[PDB]
Undergrad: 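After the structure tokens below, expect a handful of questions from me.
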Amino acid sequence: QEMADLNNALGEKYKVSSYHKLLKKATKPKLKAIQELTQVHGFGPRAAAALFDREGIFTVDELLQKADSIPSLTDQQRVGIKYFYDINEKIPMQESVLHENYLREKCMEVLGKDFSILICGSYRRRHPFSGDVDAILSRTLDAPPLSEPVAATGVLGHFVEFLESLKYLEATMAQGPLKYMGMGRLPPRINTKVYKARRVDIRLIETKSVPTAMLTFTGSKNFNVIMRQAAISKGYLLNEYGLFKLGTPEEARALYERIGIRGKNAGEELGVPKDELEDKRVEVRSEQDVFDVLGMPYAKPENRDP
DNA sequence: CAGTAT
DNA sequence: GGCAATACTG
Ligand SMILES: Cc1cn([C@H]2CC[C@@H](COP(=O)(O)OP(=O)(O)OP(=O)(O)O)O2)c(=O)[nH]c1=O
Ligand SMILES: [Mg+2]
Ligand code: NA
Ligand code: NA
């Protein structure tokens, strides 16, 4: 009933969380369409509403049929459409083990021992199925330090191209120097088993940022929001890049006056906090560290599904 | 920006 | 008025 939040999932993020008011009391054409269409990667409430309003599309299947004829679709949208059916299949844990092994092996080959790959997401939380593959790529603790952001070396792009040349990565939804989102497909195993294409995210992370990145990219999402609210309540900013002690709420505002000023982020470029934000860093070497500073009991990854 | 993604 | 926080793109 109050599961009519799938409805509010048309953007009302805070109204959604709320159902998850009395009530004691206890749809629409384009709304159900929008509900359907926002299943497709690249289509949020507004893009979906636009498909309904300007294209007369009620259904994903109609969108698949009509996609090539609609010039206004982004490349990201066309990939989401092409792979829609594969994207809706859950990945069994045993297959994620193979993605992990594969990614680790190819990382060693093209990048060498200075680099490391870790799979996070619902997989690290030991769910029997996952929606996608969330990888973190980072330099090891023993790798010699760089004089620039690792993202500036173009290494994510190089890794992506290597994987493409192997026909593992076969379609790109979006790619910058920090984050790659696309479709990856394991090579056939020989009866020959052909694999479906899976959603693969790769995040390039600085070595000192790995513990907080592992927290973030392991999630779950609700878990992240909870831990971040605990941080706020103690005068900290927690993100994938670090734990930053900002102080009182007005000291935080002051800081953001210099460093944030954006609808972008608190003050990082290429995954490296600006110097004034970096001065706020509380160094951590483990997930446990973060829990400790925030006064929360450690939770194993499989217990981060609140 | 103002949409899309995580 | 604000709510977790950040990345990529037309
Ligand atoms: C969407 C979102 C996600 N995160 C974190 C939390 C997890 C990782 C991966 O996200 P995912 O949607 O794959 O979720 P995941 O837990 O891996 O589940 P599935 O892949 O769907 O199995 O990113 C976040 O901090 N804020 C967000 O708005
Ligand atoms: Mg995931
Ligand atoms: Na969507
Ligand atoms: Na691009």
Side-chain angles (χ1 to χ4, degrees), chain A residues 9-12 14-18 20 34 37-51 70-81 83 87 119-124 130-137 149 151 156-157 160 171-183 199-206 209 212-244 246 249 252 256 259-260 262-274 277 290 294 306:
Chain A
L10 78 323
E12 301 297 310
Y14 310 107
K15 292 191 172 194
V16 166
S17 302
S18 294
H20 279 3
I34 295 182
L37 297 170
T38 63
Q39 293 181 114
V40 181
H41 186 289
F43 294 89
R46 174 158 168 287
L51 284 176
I70 310 168
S72 57
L73 305 185
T74 66
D75 290 332
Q76 181 183 31
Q77 286 162 350
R78 298 191 192 278
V79 176
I81 287 165
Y83 290 92
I87 292 156
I119 307 299
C120 298
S122 55
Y123 169 77
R124 178 158 181 258
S130 292
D132 63 32
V133 181
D134 296 296
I136 298 175
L137 172 66
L156 182 51
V160 165
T172 298
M173 285 150 170
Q175 183 185 353
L178 288 172
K179 179 182 194 187
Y180 163 89
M181 298 190 295
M183 302 295 310
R199 281 275 299 105
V200 175
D201 290 343
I202 310 168
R203 294 288 305 256
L204 176 58
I205 295 299
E206 300 276 347
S209 286
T212 40
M214 283 171 70
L215 270 172
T216 292
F217 303 131
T218 300
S220 74
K221 181 263 198 194
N222 289 345
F223 177 84
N224 290 344
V225 171
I226 290 182
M227 180 167 291
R228 291 176 182 197
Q229 286 166 326
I232 283 169
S233 69
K234 279 145 148 55
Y236 290 86
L237 166 80
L238 174 64
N239 60 36
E240 58 272 46
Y241 300 123
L243 177 64
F244 306 91
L246 309 187
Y256 294 156
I259 304 312
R262 290 160 286 177
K264 188 164 165 183
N265 65 47
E268 301 97 23
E269 299 292 9
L270 286 182
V272 172
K274 304 191 64 194
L277 181 52
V290 178
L294 291 185

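All chains are named by letter (A, B, ...) in the order of the sequence lines, taking the proteins before the strands, and each is independently numbered beginning at 1. Just so you know, these numbers use all the heavy atoms, side chains as well, and skip hydrogens, waters and symmetry mates.
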Undergrad: Does A:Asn239 place a side-chain N or O at less than 4.0 Å from the phosphate oxygens OP1/OP2 of C:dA4?
TA: no
Undergrad: A:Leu178 has a side chain; which of B:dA5, C:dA4, C:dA7 sits nearest to it?
TA: C:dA7
Undergrad: Round to the nearest Å and state the distance from A:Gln175 atom CD to C:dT9 atom P.
TA: 8 Å
Undergrad: Rounded to the nearest Å, what distance is computed from the CD atom of residue A:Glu269 to the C1' atom of nucleotide C:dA7?
TA: 12 Å
Undergrad: Round to a whole Å and report the spacing from NZ of A:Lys264 to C1' of C:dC8.
TA: 11 Å
Undergrad: Nearest 0.5 angstrom please: A:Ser72 OG to A:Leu51 CG, how far?
TA: 7.5 Å
Undergrad: Nearest of B:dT4, C:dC8, C:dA4 to any side-chain atom of A:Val225?
TA: C:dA4
Undergrad: Ignoring the backbone of A:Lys179, work out which of C:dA5, C:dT6, B:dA5 is nearest its side chain.
TA: B:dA5
Undergrad: Can you tell me if A:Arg262 uses its side chain to pair, donor with acceptor, with the backbone of A:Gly260 under 3.5 Å?
TA: yes
Undergrad: Could you please name the option among C:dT6, C:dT9, C:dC3 that lies closest to any side-chain atom of A:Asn265?
TA: C:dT6
Undergrad: Could you state the atom-to-atom distance from CD1 of A:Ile34 to P of B:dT4 in whole Å?
TA: 11 Å
Undergrad: Over all strands shown, is A:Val79 touching base, sugar-phosphate only, or nothing at heavy-atom distances under 4.0 angstrom?
TA: nothing
Undergrad: For A:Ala231, report the nucleic acid contact type (base, sugar-phosphate, nothing); a contact means any heavy atom under 4.0 Å.
TA: nothing
Undergrad: So, taking the atom named OG1 in A:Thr216 and the one named CG in A:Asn239, what distance separates them when rounded to the nearest 0.5 Å?
TA: 7.0 Å
Undergrad: Round to a whole Å and report the spacing from CZ of A:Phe223 to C1' of C:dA4.
TA: 13 Å
Undergrad: I want to verify a distance call: between B:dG3, C:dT9, C:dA7, whose nearest atom is closest to the A:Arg203 side chain?
TA: C:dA7
Undergrad: Considering just the side-chain nitrogens and oxygens of A:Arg228, establish if one lies under 4.0 Å of OP1 or OP2 belonging to C:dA5.
TA: no
Undergrad: Under the 5.5 Å and 30° test, is A:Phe43 stacked on the base of B:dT4?
TA: no
Undergrad: Side chain of A:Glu268 only, please: which of C:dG10, C:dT6, C:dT9 is the nearest?
TA: C:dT6
Undergrad: Grab the NZ-P distance between A:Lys221 and C:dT6 for me, whole Å please.
TA: 15 Å
Undergrad: Nearest whole angstrom, please: distance from the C1' of C:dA5 to the CZ of A:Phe244.
TA: 12 Å
Undergrad: If you check the A:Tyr14 side chain, which of C:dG10, C:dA4, C:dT9 turns out closest?
TA: C:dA4
Undergrad: NA contact type, A:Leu237, heavy-atom cut-off 4.0 Å: base, sugar-phosphate, or nothing?
TA: sugar-phosphate
Undergrad: Using modelled atom types only, decide if a donor and an acceptor are shared between the side chain of A:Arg199 and the backbone of A:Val133 within a distance under 3.5 Å.
TA: no
Undergrad: Between the side chains of A:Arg124 and A:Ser130, does any donor sit under 3.5 Å from an acceptor?
TA: no
Undergrad: Does C:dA4 have its OP1 or OP2 closer than 4.0 Å to a side-chain nitrogen or oxygen of A:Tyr241?
TA: no
Undergrad: Find the distance A:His41:NE2 to C:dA7:P and express it as a whole number of Å.
TA: 16 Å
Undergrad: Output yes when at least one side-chain N/O atom of A:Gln229 is less than 4.0 Å from OP1 or OP2 of C:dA4, else no.
TA: yes
Undergrad: Just by modelled atom types, is the A:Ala230 backbone N or O under 3.5 Å from a matching donor or acceptor in the A:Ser233 side chain?
TA: yes
Undergrad: Using a cut-off of 4.0 Å on non-hydrogen atoms, how would the nucleic acid contact of A:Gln77 be classed: base, sugar-phosphate, or nothing?
TA: nothing
